[PDB]
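Q: For reference, the structure I am asking about is given below.
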Amino acid sequence: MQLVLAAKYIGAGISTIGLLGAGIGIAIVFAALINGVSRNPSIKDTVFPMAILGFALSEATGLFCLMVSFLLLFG
Amino acid sequence: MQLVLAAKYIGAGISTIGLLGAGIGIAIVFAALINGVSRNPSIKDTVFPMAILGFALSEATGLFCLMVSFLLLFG
Amino acid sequence: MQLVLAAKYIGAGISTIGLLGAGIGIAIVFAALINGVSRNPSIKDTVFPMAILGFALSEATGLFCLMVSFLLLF
Amino acid sequence: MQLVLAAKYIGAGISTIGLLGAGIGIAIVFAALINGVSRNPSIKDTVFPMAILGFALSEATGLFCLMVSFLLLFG
Amino acid sequence: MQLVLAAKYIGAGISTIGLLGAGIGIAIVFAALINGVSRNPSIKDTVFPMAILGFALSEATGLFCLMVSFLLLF
Amino acid sequence: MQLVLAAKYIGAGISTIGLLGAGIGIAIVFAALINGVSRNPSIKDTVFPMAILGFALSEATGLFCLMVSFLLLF
Amino acid sequence: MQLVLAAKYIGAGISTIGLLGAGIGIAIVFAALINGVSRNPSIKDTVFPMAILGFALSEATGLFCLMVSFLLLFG
Amino acid sequence: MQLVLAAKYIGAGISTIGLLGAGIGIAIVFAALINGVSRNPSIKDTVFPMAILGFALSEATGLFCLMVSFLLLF
Amino acid sequence: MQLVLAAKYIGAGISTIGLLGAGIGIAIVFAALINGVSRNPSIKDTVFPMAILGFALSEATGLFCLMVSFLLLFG
Amino acid sequence: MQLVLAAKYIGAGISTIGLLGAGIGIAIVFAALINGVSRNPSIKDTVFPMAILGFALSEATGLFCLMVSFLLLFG
């Protein structure tokens with residue numbers, strides 16, 4: 001158990017690293033949203049739900065990382 | 001088997017790291033969509049399905065990462 | 001018990017790495033805010049609440065990393 | 001054999017990391033496609049096959065990583 | 001004791017890596033500030049507080065890393 | 001034998017990491033091709049061979065990584 | 001004590017990695033300064049102190065890494 | 001002798017990582033070439049020999065990584 | 001001492017990784033200088049010393065990395 | 001000797017990683033050179049030696065990495 005439990009804990013730490021992509025990704029989507037709206041205010045009702053979709057899809061990949069982390073931590 | 005289970009769990013942690021690319025990638029596809037539509041609203045119906053295709057192809061690489069991760073956790 | 005504990009400490013160091021994403025992320029949101037406002041100052045009240053949401057959502061991923069880190073530390 | 005097998009699983013995890021290049025890359029190709037089409041809608045039939053070519057070639061790099069991964073998992 | 005101590009020291013070093021995100025992030029914010037002031041000098045007093053805020057928030061994430069690094073060290 | 005074999009397998013996995021550079025690089029080349037053709041469609045036949053060359057050369061580096069990975073495997 | 005000391009030196013090496021954020025960051029600030037001054041030479045006296053501020057604050061992050069490094073090397 | 005050899009194989013896998021730099025690097029040179037030529041087609045004969053030098057110098061760093069890799073493999 | 005010398009040598013290897021930032025940083029300062037002068041040749045004498053300052057501050061972070069590396073190899 | 005020699009060899013592999021920064025950096029300088037010359041052909045005699053300086057300074061950081069690698073490999 002001891003070496004295996006230790007591996008799970010190290011593993012759970014390693015598995016959060018990929019969350020960096022969601023962190024950068026979410027920001028990239030919101031940067032585009034802010035730049036697009038500032039170039040063309042009239043487009044905001046159109047581009048805002050693309051921003052919400054984009055952020056959610058990007059966050060999803062981070063959530064897959066987190067899921068593996070929790071399965072290691074608690075499973 | 002202690003060493004092998006340990007290695008399976010470390011390895012599953014490690015195979016989520018690659019998801020950072022789909023995280024960044026999906027975001028890049030949505031940012032282009034946002035900037036594209038704001039420059040030229042009339043193009044929206046043309047470029048939106050391209051965004052869907054882009055996101056899905058970028059996501060697939062992260063899903064491969066996760067597939068290995070699940071194979072190491074359960075296979 | 002010592003091996004497990006050693007692994008809890010390493011794992012905790014490792015789970016902060018992901019916070020780099022929020023570091024760059026928050027910055028990217030605020031950079032667009034500054035550039036957007038400078039190109040079009042009248043858009044400020046519109047894009048400021050968007051920057052707050054952007055930063056919050058980006059920070060949240062970093063906060064997930066830190067949650068794992070603290071779960072491992074205690 | 002336990003150390004060797006251990007190494008094989010650690011190795012398989014490691015060899016998905018390079019898939020992040022394809023996750024980001026495929027996205028860069030789709031972003032250019034979206035941006036090019038929004039700048040110049042008439043160019044769409046020309047630039048779309050280039051996007052398919054760019055994506056398949058970017059994806060091939062991630063597939064090489066996954067192949068090495070599967071060689072480690074099952075061989 | 002020696003295994004645990006060892007892990008605390010390695011873990012402490014590992015938790016400084018995430019600080020690369022604030023190093024890049026802070027810079028991105030100040031670059032946006034510079035590019036925006038040079039495009040539009042009259043906007044200086046509006047975007048400056050935005051840059052302070054954005055820097056503070058980027059930095060905080062690097063500070064959560066240092067915090068974990070200090071917990072492991074002390 | 002077991003230690004050496006072990007290292008060959010870990011080393012083989014490690015040498016695929018560098019392939020992320022070709023994955024990004026190839027894409028950068030094709031994006032430049034797309035942005036340049038859409039700005040200037042008449043340039044298509046000039047820049048296309050340039051993109052093939054640039055892709056080939058980016059890819060080669062990922063292939064040197066795979067080569068090391070295959071040597072370690074076989 | 002040998003394992004502990006070992007760990008201290010491995011740790012000290014590890015804690016210089018984060019200095020790459022300052023190496024890139026300081027450069028991003030100087031690049032903006034150069035580009036801003038070439039677009040608008042009259043803005044130089046305004047944007048130069050902002051560049052000093054941005055750089056010192058970016059550098060401070062690398063210095064925190066180096067401090068942890070020196071704590072590991074000598075304490 | 002087995003431990004040393006194990007380390008030669010791991011070290012060799014590790015030294016290919018740096019080749020990612022040349023992967024992205026070569027691509028960045030060729031992207032600028034394509035964009036430069038599309039903006040200004042008459043500059044092609046001037047910027048093509050610059051792209052060749054750029055790619056060569058970038059590849060060379062990758063070749064240094066591979067040299068270490070082969071020195072370790074034999 | 002076997003373990004400690006081993007750790008010193010691994011650690012010295014690891015503390016060079018941070019030099020990748022000065023590598024990228026210096027380049028970013030020179031790229032801005034190049035793009036700055038080409039947009040506005042008259043600015044050359046103004047922005048060139050800024051480039052020198054930029055490069056040197058970016059390089060210093062890599063020199064800190066190397067300092068630790070030498071301390072681990074010889075100190 | 002055995003564990004120490006093994007550490008040096010692993011260390012020498014780790015120390016080439018930072019060469020990735022010179023590889024990207026050198027390219028960034030040459031990209032700027034190519035973009036600057038294509039915007040403004042008359043500037044080429046001015047910006048070319050800044051490109052040579054930039055690439056050399058960037059390559060220098062990679063050479064510091066390589067130096068540590070050779071000291072580990074052969075020292």
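Every chain in the structure tokens has a letter given in the order shown (A, B, ...), and although residue numbers restart at 1 in each chain, ligands are simply numbered from 1 in the order shown.
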So that I can see what lies close to residue 25 (chain G), please list as an MDAnalysis selection string the residues with an atom at most 7 Å from it, counting only C-alpha atoms and leaving out residues fewer than 3 positions away in the same chain.
A: (chainID E and resid 23:24 27) or (chainID G and resid 21:22 28:29 58)
Q: Limited to N, CA and C atoms, could you put the picked residues into a file as a tab-separated table (two decimals), in the first residue's frame?
A:
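What ended up in out.tsv:
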```tsv
chain	number	residue	atom	x	y	z
E	23	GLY	N	6.01	36.20	-13.96
E	23	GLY	CA	7.14	36.87	-14.63
E	23	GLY	C	6.78	37.28	-16.05
E	24	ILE	N	6.18	36.35	-16.80
E	24	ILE	CA	5.61	36.63	-18.12
E	24	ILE	C	4.32	37.51	-18.05
E	27	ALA	N	4.69	41.20	-17.31
E	27	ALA	CA	5.30	41.84	-18.46
E	27	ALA	C	4.27	42.14	-19.55
G	21	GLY	N	10.70	32.89	-16.73
G	21	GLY	CA	9.59	33.87	-16.77
G	21	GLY	C	10.10	35.32	-16.76
G	22	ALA	N	11.06	35.63	-15.89
G	22	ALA	CA	11.67	36.96	-15.89
G	22	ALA	C	12.50	37.23	-17.15
G	28	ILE	N	9.69	41.27	-23.06
G	28	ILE	CA	8.40	41.70	-23.51
G	28	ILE	C	8.17	43.18	-23.18
G	29	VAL	N	8.61	43.61	-21.98
G	29	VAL	CA	8.52	45.04	-21.58
G	29	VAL	C	9.42	45.92	-22.46
G	58	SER	N	8.74	42.34	-13.03
G	58	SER	CA	8.92	41.05	-13.67
G	58	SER	C	10.15	40.32	-13.10
```
Q: All Cα atoms, paired in order, least squares: that's the fit I need for chain J onto chain D, output as a PDB file with C-alpha atoms, in the first residue's frame.
A:
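As a result, selection-v5.pdb now contains:
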```
ATOM      1  CA  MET J   1       9.788  -8.052 -15.400  1.00  0.00           C
ATOM      2  CA  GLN J   2       8.411  -5.833 -12.570  1.00  0.00           C
ATOM      3  CA  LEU J   3      10.794  -2.849 -12.889  1.00  0.00           C
ATOM      4  CA  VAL J   4      10.681  -3.146 -16.739  1.00  0.00           C
ATOM      5  CA  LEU J   5       6.871  -3.240 -16.961  1.00  0.00           C
ATOM      6  CA  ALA J   6       6.825  -0.222 -14.584  1.00  0.00           C
ATOM      7  CA  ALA J   7       9.258   1.652 -16.868  1.00  0.00           C
ATOM      8  CA  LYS J   8       7.075   0.940 -19.935  1.00  0.00           C
ATOM      9  CA  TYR J   9       4.012   2.319 -18.160  1.00  0.00           C
ATOM     10  CA  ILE J  10       5.796   5.498 -17.000  1.00  0.00           C
ATOM     11  CA  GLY J  11       7.301   5.762 -20.512  1.00  0.00           C
ATOM     12  CA  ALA J  12       3.871   5.451 -22.146  1.00  0.00           C
ATOM     13  CA  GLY J  13       2.631   8.350 -19.958  1.00  0.00           C
ATOM     14  CA  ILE J  14       5.650  10.501 -20.884  1.00  0.00           C
ATOM     15  CA  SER J  15       5.172   9.815 -24.592  1.00  0.00           C
ATOM     16  CA  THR J  16       1.728  11.514 -24.825  1.00  0.00           C
ATOM     17  CA  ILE J  17       3.178  14.895 -23.735  1.00  0.00           C
ATOM     18  CA  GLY J  18       4.205  15.752 -27.314  1.00  0.00           C
ATOM     19  CA  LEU J  19       0.553  15.533 -28.352  1.00  0.00           C
ATOM     20  CA  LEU J  20       0.282  19.060 -26.892  1.00  0.00           C
ATOM     21  CA  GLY J  21       2.012  20.281 -30.108  1.00  0.00           C
ATOM     22  CA  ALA J  22      -0.594  18.754 -32.397  1.00  0.00           C
ATOM     23  CA  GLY J  23      -3.316  20.202 -30.130  1.00  0.00           C
ATOM     24  CA  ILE J  24      -1.897  23.746 -30.428  1.00  0.00           C
ATOM     25  CA  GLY J  25      -0.778  23.196 -34.023  1.00  0.00           C
ATOM     26  CA  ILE J  26      -4.156  22.028 -35.330  1.00  0.00           C
ATOM     27  CA  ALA J  27      -5.744  25.081 -33.703  1.00  0.00           C
ATOM     28  CA  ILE J  28      -3.170  27.452 -35.255  1.00  0.00           C
ATOM     29  CA  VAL J  29      -4.014  26.094 -38.733  1.00  0.00           C
ATOM     30  CA  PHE J  30      -7.786  26.527 -38.148  1.00  0.00           C
ATOM     31  CA  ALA J  31      -7.278  30.009 -36.678  1.00  0.00           C
ATOM     32  CA  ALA J  32      -5.497  31.041 -39.926  1.00  0.00           C
ATOM     33  CA  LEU J  33      -8.246  29.439 -41.965  1.00  0.00           C
ATOM     34  CA  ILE J  34     -10.895  31.368 -40.028  1.00  0.00           C
ATOM     35  CA  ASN J  35      -8.977  34.676 -40.158  1.00  0.00           C
ATOM     36  CA  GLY J  36      -8.179  34.275 -43.913  1.00  0.00           C
ATOM     37  CA  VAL J  37     -11.781  33.435 -44.887  1.00  0.00           C
ATOM     38  CA  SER J  38     -13.107  36.345 -42.789  1.00  0.00           C
ATOM     39  CA  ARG J  39     -10.710  38.828 -44.499  1.00  0.00           C
ATOM     40  CA  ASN J  40     -11.423  37.411 -47.940  1.00  0.00           C
ATOM     41  CA  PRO J  41     -14.507  35.152 -48.267  1.00  0.00           C
ATOM     42  CA  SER J  42     -13.780  34.485 -51.953  1.00  0.00           C
ATOM     43  CA  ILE J  43     -10.524  32.669 -51.029  1.00  0.00           C
ATOM     44  CA  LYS J  44     -12.205  29.887 -49.008  1.00  0.00           C
ATOM     45  CA  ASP J  45     -12.188  27.102 -51.653  1.00  0.00           C
ATOM     46  CA  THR J  46      -8.462  27.732 -52.125  1.00  0.00           C
ATOM     47  CA  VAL J  47      -7.380  27.931 -48.446  1.00  0.00           C
ATOM     48  CA  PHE J  48      -9.629  25.159 -47.017  1.00  0.00           C
ATOM     49  CA  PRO J  49      -7.669  22.253 -48.502  1.00  0.00           C
ATOM     50  CA  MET J  50      -4.392  23.870 -47.274  1.00  0.00           C
ATOM     51  CA  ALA J  51      -6.034  23.850 -43.832  1.00  0.00           C
ATOM     52  CA  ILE J  52      -6.868  20.144 -44.204  1.00  0.00           C
ATOM     53  CA  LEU J  53      -3.308  19.364 -45.315  1.00  0.00           C
ATOM     54  CA  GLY J  54      -1.797  21.419 -42.513  1.00  0.00           C
ATOM     55  CA  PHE J  55      -3.905  19.873 -39.769  1.00  0.00           C
ATOM     56  CA  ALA J  56      -3.117  16.340 -41.056  1.00  0.00           C
ATOM     57  CA  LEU J  57       0.639  17.002 -41.170  1.00  0.00           C
ATOM     58  CA  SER J  58       0.500  18.520 -37.664  1.00  0.00           C
ATOM     59  CA  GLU J  59      -1.645  15.640 -36.306  1.00  0.00           C
ATOM     60  CA  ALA J  60       0.897  13.196 -37.820  1.00  0.00           C
ATOM     61  CA  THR J  61       3.567  14.270 -35.296  1.00  0.00           C
ATOM     62  CA  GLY J  62       1.111  13.628 -32.447  1.00  0.00           C
ATOM     63  CA  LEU J  63       0.305  10.235 -33.977  1.00  0.00           C
ATOM     64  CA  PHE J  64       4.024   9.348 -33.870  1.00  0.00           C
ATOM     65  CA  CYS J  65       3.944  10.096 -30.131  1.00  0.00           C
ATOM     66  CA  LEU J  66       0.836   7.963 -29.678  1.00  0.00           C
ATOM     67  CA  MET J  67       2.441   5.120 -31.635  1.00  0.00           C
ATOM     68  CA  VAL J  68       5.371   4.987 -29.174  1.00  0.00           C
ATOM     69  CA  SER J  69       2.890   5.129 -26.302  1.00  0.00           C
ATOM     70  CA  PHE J  70       0.937   2.123 -27.686  1.00  0.00           C
ATOM     71  CA  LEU J  71       4.198   0.148 -28.373  1.00  0.00           C
ATOM     72  CA  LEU J  72       5.174   0.695 -24.723  1.00  0.00           C
ATOM     73  CA  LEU J  73       1.635  -0.047 -23.398  1.00  0.00           C
ATOM     74  CA  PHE J  74       0.964  -3.208 -25.460  1.00  0.00           C
ATOM     75  CA  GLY J  75       4.157  -4.410 -27.241  1.00  0.00           C
TER      76      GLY J  75
END
```
Q: Between chain C and chain E, at 6 Å or less, what are the per-residue closest atom pairs and their distances in Å? Count only C-alpha atoms, order by chain and rising residue number, and return it as CSV.
A:
```
residue,atom,partner,partner_atom,distance
C:6,CA,E:4,CA,4.6
C:9,CA,E:8,CA,5.8
C:10,CA,E:11,CA,4.4
C:13,CA,E:15,CA,4.4
C:16,CA,E:15,CA,5.7
C:17,CA,E:18,CA,4.4
C:19,CA,E:18,CA,5.6
C:20,CA,E:21,CA,3.9
C:23,CA,E:21,CA,4.3
C:24,CA,E:25,CA,4.3
C:26,CA,E:58,CA,5.7
C:27,CA,E:25,CA,4.7
C:30,CA,E:54,CA,5.5
C:31,CA,E:32,CA,4.9
C:34,CA,E:47,CA,5.8
C:35,CA,E:36,CA,5.4
C:38,CA,E:36,CA,5.2
```
Q: Create the file for the chosen residues now, containing N, CA and C atoms and written as a tab-separated table (two decimals), in the first residue's frame.
A:
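Everything below was put into out.tsv:
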```
chain	number	residue	atom	x	y	z
C	6	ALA	N	6.20	11.99	2.39
C	6	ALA	CA	7.16	12.51	1.41
C	6	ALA	C	6.47	12.78	0.06
C	9	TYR	N	4.22	15.81	0.09
C	9	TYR	CA	4.94	17.08	-0.03
C	9	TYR	C	5.42	17.38	-1.45
C	10	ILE	N	5.97	16.36	-2.13
C	10	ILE	CA	6.36	16.49	-3.55
C	10	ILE	C	5.15	16.81	-4.45
C	13	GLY	N	4.13	20.44	-4.11
C	13	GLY	CA	4.98	21.27	-4.92
C	13	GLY	C	4.61	21.16	-6.40
C	16	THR	N	1.44	23.13	-7.87
C	16	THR	CA	1.42	24.59	-8.03
C	16	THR	C	1.84	24.98	-9.45
C	17	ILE	N	2.59	24.11	-10.13
C	17	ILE	CA	3.06	24.41	-11.48
C	17	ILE	C	1.93	25.00	-12.35
C	19	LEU	N	-0.48	26.80	-11.86
C	19	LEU	CA	-0.78	28.21	-11.57
C	19	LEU	C	-0.13	29.19	-12.55
C	20	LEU	N	0.94	28.75	-13.22
C	20	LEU	CA	1.57	29.55	-14.30
C	20	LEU	C	0.53	29.91	-15.38
C	23	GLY	N	-1.31	32.85	-14.13
C	23	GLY	CA	-0.34	33.95	-14.21
C	23	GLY	C	-0.36	34.66	-15.55
C	24	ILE	N	-0.16	33.89	-16.63
C	24	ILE	CA	-0.16	34.39	-18.01
C	24	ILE	C	-1.61	34.73	-18.44
C	26	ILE	N	-4.41	35.69	-16.67
C	26	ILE	CA	-4.96	36.92	-16.11
C	26	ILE	C	-4.37	38.10	-16.87
C	27	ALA	N	-3.06	38.05	-17.07
C	27	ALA	CA	-2.32	39.04	-17.82
C	27	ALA	C	-2.84	39.25	-19.24
C	30	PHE	N	-6.13	41.24	-19.07
C	30	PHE	CA	-5.85	42.65	-18.76
C	30	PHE	C	-5.12	43.39	-19.87
C	31	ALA	N	-4.25	42.70	-20.61
C	31	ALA	CA	-3.64	43.28	-21.80
C	31	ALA	C	-4.70	43.65	-22.85
C	34	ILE	N	-6.61	46.72	-21.74
C	34	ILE	CA	-5.85	47.97	-21.87
C	34	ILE	C	-5.82	48.40	-23.35
C	35	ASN	N	-5.57	47.44	-24.25
C	35	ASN	CA	-5.49	47.74	-25.67
C	35	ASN	C	-6.85	48.13	-26.26
C	38	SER	N	-7.63	51.65	-25.01
C	38	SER	CA	-6.83	52.68	-25.66
C	38	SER	C	-7.24	52.94	-27.13
```
Q: Could you tell me how far CA of residue 74 (chain H) sits from CA of residue 70 (chain F), in Å to one decimal place?
A: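 Those two atoms sit 15.2 Å apart.
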